[PDB]
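[1] Just need the structure, nothing else, for what follows:
(chains A, B and C, ligands or ions: 7)
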Amino acid sequence: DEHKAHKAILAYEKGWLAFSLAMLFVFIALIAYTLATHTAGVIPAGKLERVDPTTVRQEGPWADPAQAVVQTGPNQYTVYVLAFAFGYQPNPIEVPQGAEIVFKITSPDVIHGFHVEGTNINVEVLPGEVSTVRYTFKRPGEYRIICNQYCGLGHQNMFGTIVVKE
Amino acid sequence: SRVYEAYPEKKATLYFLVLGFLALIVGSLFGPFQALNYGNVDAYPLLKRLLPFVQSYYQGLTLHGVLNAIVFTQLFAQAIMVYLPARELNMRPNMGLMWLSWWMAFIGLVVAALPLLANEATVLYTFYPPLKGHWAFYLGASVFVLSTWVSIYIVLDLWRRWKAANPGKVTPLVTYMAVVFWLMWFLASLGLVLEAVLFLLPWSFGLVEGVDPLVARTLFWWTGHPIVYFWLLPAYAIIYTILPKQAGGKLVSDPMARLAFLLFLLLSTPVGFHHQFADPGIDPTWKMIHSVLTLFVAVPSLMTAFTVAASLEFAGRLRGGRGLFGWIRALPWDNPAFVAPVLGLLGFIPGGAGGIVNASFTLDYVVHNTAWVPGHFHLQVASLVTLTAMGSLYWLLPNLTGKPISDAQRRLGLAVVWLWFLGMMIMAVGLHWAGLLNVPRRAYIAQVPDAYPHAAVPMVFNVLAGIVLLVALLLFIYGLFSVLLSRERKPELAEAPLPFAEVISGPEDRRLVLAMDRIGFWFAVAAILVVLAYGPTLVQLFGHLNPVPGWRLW
Amino acid sequence: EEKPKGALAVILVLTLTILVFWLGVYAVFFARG
Ligand code: HAS
Ligand code: HEM
Ligand code: CUA
Ligand SMILES: [Cu+2]
Ligand SMILES: [Xe]
Ligand SMILES: [Xe]
Ligand SMILES: [Xe]
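    Numbers count the residues shown, from 1 in each chain, chains lettered A, B, ... in the order given. Ligands and ions are numbered 1, 2, ... in the order given. See the structure here:
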């Protein structure tokens, strides 16, 4: 009693911790599994891609909305999206399903979030930096982009549209 | 008071406390409105008629964030993690400094309050650039935070002093915790110190025109995560060494607690990338390495789960605890300072579940910036930390002022406690649901009522809670001020020794605790981990700095 | 006295509450993949 409990507790604590670490290492491999798949595309590109935020919609891939969509592979389509003060460019984005859409998103002003509702595309859009995410829509329709990062008083109203193509 | 002349630390502590709670009150008023807003009702006109200086939803969120999560917590920690180790050691902290730390905290708050109250600072408690705030916010906050540095000294001073009067003796438990704590916080605070010193302060004073927003939010999170543990550990401190006495039992192991804290000192700072999963320009690999280390920093809280349950179990048994669940019914559910924290620990289970998910890298992309995250943390900070804070008034307040607590206040608190917990539960459910329902957080969505129709049913829970917790806050205030406003003074209970727990120790303990007491080694160990995890990244970033101009978007 | 029945029943709820959350959202990851 009291000293009997002490060795009982410190003995199931050792068995609890072993179990704890085993359970976490199973998460690690079930996270290490999602990294080798096609689902690991929505991870932002690691290599830095600097841009000026004040000459983005004047010169370069984000100047002209029309050239937003560009076939760059047999089934690859590099969209150039521009997250700005309460809005998105192009609106709407239009791309075929079943195709590998490689978005390259930035901002001319403040930080924005690029959340495509129903997908795994959730990336932070940084002024002067390109946010590069790879995705493959396997369902048709109108995908809604929400700006999940507070970007000012019109932040709750900043929504997008990606009409994947049926 | 010969009480304060003999224990001047008591006074300093008290000031910290009140200031903190004052801050908690004010910051909490916006909480019901933000809950109603998340129930799809827009009560903000009423708020504005009552509080004229309020200009929007976002200014009240900033004020909510800053006063509650930042001011309140820091002050409390500064009060707990200095006073407790003092009294345990029965040593007086350097009172010059201690009083210095308070003023800094006070002054700092004042200066930073003004531009917040003047809508000059509608940036949120995270103050991400390029959103630009008034200089006196960034100067205010800096001071206020630096106040902790003083607190770190003070505590270390005590520690060095005691080791001298007890050569070869293991650092006493609480003091060990406080020590690791503050060291841990020192290491953590760098990130933020840098940001402010290198970018934010010269930016707001006019000296530069631009600041890289990535390197800005990188340094911020270096600090941004560990600070949550800067909020937590003072409550942990209390739970380990004070709650078991309250429950009528003992701490079941001194080593375990030492270990928990030791792990936090090691694994708290180098995990900030978990807040930056959705960020560009940060290698995915380093996002995996940080995701691994974050699941590791949950190990300490796993250990605590058991150790505290067992002690509480042990306690219930000494009380006349029956079978598998008897002990629970044996506990002192009549005593607030017991009830408050125990409730928090309950809600923590969902909270910590929420955090393990957010930490799993890829899984973050499901809930990031959604109201699932406010749900996650209100269980953590707004529940466990605050309740703990609240309930600890019942032994602490008396221990400082001498003012006894009537049975009526004692039941008043029990009500405040339950309502607060319950309401916290409702909202927890109401913000988790709508979160998975893609409702973003930080949103005035009652000005756009038809935006989110699929969150019909959760919007209701949020409403409910709003009300629940509006009541609970009110009663608190009344309960609070009733106590502080009475002129009953029993100068004997002020001098009553703090109700610390006794500690069941074992044979093995000695060599293990002896290892853990190798603090200077563990510190540099912890210092190395941060360099290894941030070092690589931060080098490239400072090689390729791309500062952009500031914006006012309110 | 004996085996921490109470505490092991607590850590049970916990570990179960963990799996619900982690598996429950691990499927929504692949259902949005
Ligand atoms: C003090 C306040 C906080 C604590 C504690 C906390 C814990 C964790 N968090 Fe967190 N957090 C994240 C991961 C974790 C993890 C892995 C843990 C762990 O420390 C949690 C481990 C805890 C457990 C595994 C539970 C142990 C349970 C115990 C100990 C209770 C047992 C009860 C008993 C025994 C009682 C029984 C008694 C009876 C009578 C039955 C991540 C992702 O990796 C994000 C980013 C989300 C995003 O993208 O925005 C994040 C975001 C936040 C934010 C948002 C910041 C902002 O504004 O942007 C805040 C404020 C916050 C606070 C806190 N967080 N966190
Ligand atoms: C009176 C009880 C409270 C209620 C009903 C409440 C409610 C809420 C709600 C609904 C949000 C989400 C706001 C949004 O996403 O737009 C929120 C945010 C937040 N709460 Fe509370 N809250 C309360 C008290 C507290 C306490 C005690 C703390 C911690 C000490 C706290 C810390 C925070 C923080 C840090 C945020 C995020 C602020 C930001 O993102 O700028 N709250 N609160
Ligand atoms: Cu971009 Cu809110
Ligand atoms: Cu964190
Ligand atoms: Xe502050
Ligand atoms: Xe700051
Ligand atoms: Xe934070």
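[2] When you work out contacts or count neighbours from here on, use the C-alpha atoms and nothing else.
    Noted.
[3] From residue A:119, how far out is residue B:375?
    Computed as CA to CA, to the nearest Å, the residue B:375 to residue A:119 distance reads 22 Å.
[4] scratch that, residue B:217 is what I was asking about
    25 Å.
[5] Pick out the residue of chain A closest to chain C.
    Residue nearest to chain C within chain A (CA to the nearest CA): residue A:119, separated by 4.7 Å.
[6] mind checking the SS state of that residue?
    Under the three-state scheme (DSSP: H, G, I helix; E, B strand; the rest coil), residue A:119 adopts coil.
[7] check contacts around it.
    Applying CA atoms under 8 Å, 6 or more residues apart in numbering or on different chains, we find residue A:119 in contact with C:32, C:33.
[8] ok, now residue C:5?
    residue B:324.
[9] What about the closest residue to residue C:25 other than its chain neighbours, how many residues nearby?
    Nearest residue to residue C:25, sequence neighbours excluded (CA to CA, 6 or more residues apart in numbering or on different chains): residue B:363, at 6.9 Å. Counted with other CA atoms under 10 Å in any protein chain shown, the neighbours of residue B:363 add up to 23.
[10] Now the closest residue to ligand 1 within the stretch 451-554 of chain B. Nearest residue, chain neighbours left out?
    Using CA to the nearest ligand atom, the closest approach of the stretch 451-554 of chain B to ligand 1 is made by residue B:533 at 15.4 Å. What sits nearest to residue B:533 in space, not counting adjacent residues and going by CA to CA, 6+ apart, is residue B:270, at 5.9 Å.
[11] Show me which residues of the stretch 251-400 of chain B are close to ligand 2?
    Within the stretch 251-400 of chain B, the positions adjacent to ligand 2 are B:371, B:374, B:381, B:382, B:386 by CA under 6 Å from any ligand atom.
[12] Which one of those sits in the busiest neighbourhood?
    Ranked by neighbours (other CA under 10 Å), these are led by residue B:386, which has 28 neighbours.
[13] Any residue of the host helix or strand of it touching ligand 1?
    Assigned by DSSP states H and E, residue B:386 belongs to helix B:386-391. No. Using CA under 6 Å from any ligand atom, helix B:386-391 never reaches ligand 1; the gap is at least 9.6 Å.
[14] chain center to that helix, what's the gap?
    Mean-position distance between helix B:386-391 and its chain equals 11 Å (CA atoms, centre = their mean, to the nearest Å).
[15] go on, stretch B:263-271?
    Computed by CA atoms, centre = their mean, the chain-centroid distance of stretch B:263-271 equals 16 Å.
[16] Is it in proximity to ligand 1?
    No. Contact of stretch B:263-271 with ligand 1 (CA under 6 Å from any ligand atom) is absent, the minimum separation being 8.1 Å.
[17] What lies in contact with that stretch?
    By CA under 8 Å, 6+ apart, stretch B:263-271 touches B:180-181, B:183-184, B:187-188, B:222-223, B:225-226, B:229, B:290-291, B:293-294, B:296-297, B:300, B:522-523, B:525-526, B:529-530, B:533-534.
[18] Tell me the buried residues within these.
    Buried members of the contacts of stretch B:263-271, counted by 16 or more other CA atoms under 10 Å in any protein chain shown: B:180-181, B:183-184, B:187-188, B:222-223, B:225-226, B:229, B:290-291, B:293-294, B:296-297, B:300, B:522-523, B:526, B:529-530, B:533-534.
[19] Out of the residues you listed, list just those in helices.
    B:180-181, B:183-184, B:187-188, B:222-223, B:226, B:229, B:290-291, B:293-294, B:296-297, B:300, B:522-523, B:526, B:529-530, B:533-534 (DSSP state H).
[20] What's the local residue count around the closest residue to chain A within chain C?
    Evaluated by CA to the nearest CA, chain C has residue C:32 as its residue closest to chain A, separated by 4.7 Å. Residue C:32 has 15 neighbouring residues, counting by other CA under 10 Å.
[21] I figured residue B:402 was touching residue B:489, is that so?
    Yes. Between residue B:402 and residue B:489 there is a contact under CA atoms under 8 Å: 5.3 Å.
[22] Mind checking if stretch B:304-324 is in reach of ligand 1?
    Yes. Applying CA under 6 Å from any ligand atom, one finds stretch B:304-324 touching ligand 1 at B:304, B:305, B:308, B:309.
[23] Over to stretch A:101-121?
    No. Judged by CA under 6 Å from any ligand atom, stretch A:101-121 makes no contact with ligand 1; its nearest approach is 11.7 Å.
[24] what about that stretch, start to end distance?
    For stretch A:101-121, the first-to-last residue distance is 11 Å (CA to CA).
[25] now it, how far from the chain's geometric center?
    On CA atoms, centre = their mean, the centre of stretch A:101-121 falls 6 Å from the chain's centre.
[26] Give me the buried positions along it.
    Neighbour counts over stretch A:101-121 (16+ other CA under 10 Å) mark A:101-121 as buried.
[27] Over to stretch B:204-222?
    For stretch B:204-222, by 16+ other CA under 10 Å, it's B:204, B:210-222.
[28] Mind checking which of the buried residues of stretch A:101-121 land in strands?
    Counted as lying in strands by DSSP state E, out of these, are A:101, A:102, A:103, A:104, A:105, A:106, A:112, A:113, A:114, A:115, A:116.
[29] Okay, and residue A:13 sits in which element?
    According to DSSP H and E, residue A:13 maps onto helix A:3-32.
[30] what's near enough to touch the residue of the stretch 451-554 of chain B closest to ligand 1?
    B:270, B:286, B:290.
[31] how about the residues you listed in CSV, adding distance to residue B:159?
    What follows is the contacts of residue B:533, written out as CSV (distance: CA to CA, whole Å):
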residue, distance to residue B:159
B:270, 26
B:286, 36
B:290, 32
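[32] Ligand 5 next: which of those residues are close?
    By CA under 6 Å from any ligand atom, no member of these lies near ligand 5.
[33] Would you mind checking which of those is nearest to residue B:134?
    Ranked by distance to residue B:134 (CA to CA), those are led by residue B:270 at 30.4 Å.
[34] I'd like the distance between residue B:259 and residue B:41.
    Separation of residue B:259 from residue B:41 (CA to CA) stands at 47 Å.
[35] Repeat that for residue B:2.
    Residue B:2 sits 54 Å away from residue B:41, taking CA to CA as the criterion.
[36] between the two, which one's more packed in?
    residue B:41 (19 against 8).
[37] Go ahead and report the secondary structure state at the more buried one.
    Secondary structure state of residue B:41, per three-state DSSP, is coil.
[38] now it: how far from residue B:434?
    15 Å.
[39] what's the answer for residue B:303, then?
    32 Å.
[40] Next: residue B:506.
    48 Å.
[41] Pick out whichever of these two has more residues nearby.
    In terms of neighbours (other CA under 10 Å), residue B:434 is the more surrounded of residue B:506 and residue B:434; the figures are 26 against 16.
[42] Spatially, and excluding backbone neighbours, which residue is closest to the more buried one.
    Closest residue in space to residue B:434, ignoring its immediate chain neighbours: residue B:455 at 5.5 Å, by CA to CA, 6+ apart.
[43] What about the one you found? Give its phi and psi, please.
    phi -90, psi 40 (degrees, to the nearest 10).
[44] burial of residue 3, as a residue count?
    Chain wasn't specified; assuming chain A. Here the count is done by other CA under 10 Å, and residue A:3 has 13 residues near it.
[45] ah, I was thinking of chain C
    Neighbour count for residue C:3, taken as other CA under 10 Å: 13.
[46] Tell me which residues touch it, please.
    A:5, A:8, A:9.
[47] for residue B:423, same thing?
    B:464, B:465, B:466, B:468, B:469.
[48] Tell me which helix or strand comes right after the host helix or strand of it.
    Per DSSP H and E, residue B:423 falls inside helix B:407-436. Note on helix B:407-436: by DSSP H and E, the next helix or strand toward the C-terminus is helix B:456-485.
[49] and that next one, which residues are buried?
    By neighbour count on 16+ other CA under 10 Å, the buried set for helix B:456-485 is B:458-473, B:475-477, B:479-480, B:483.
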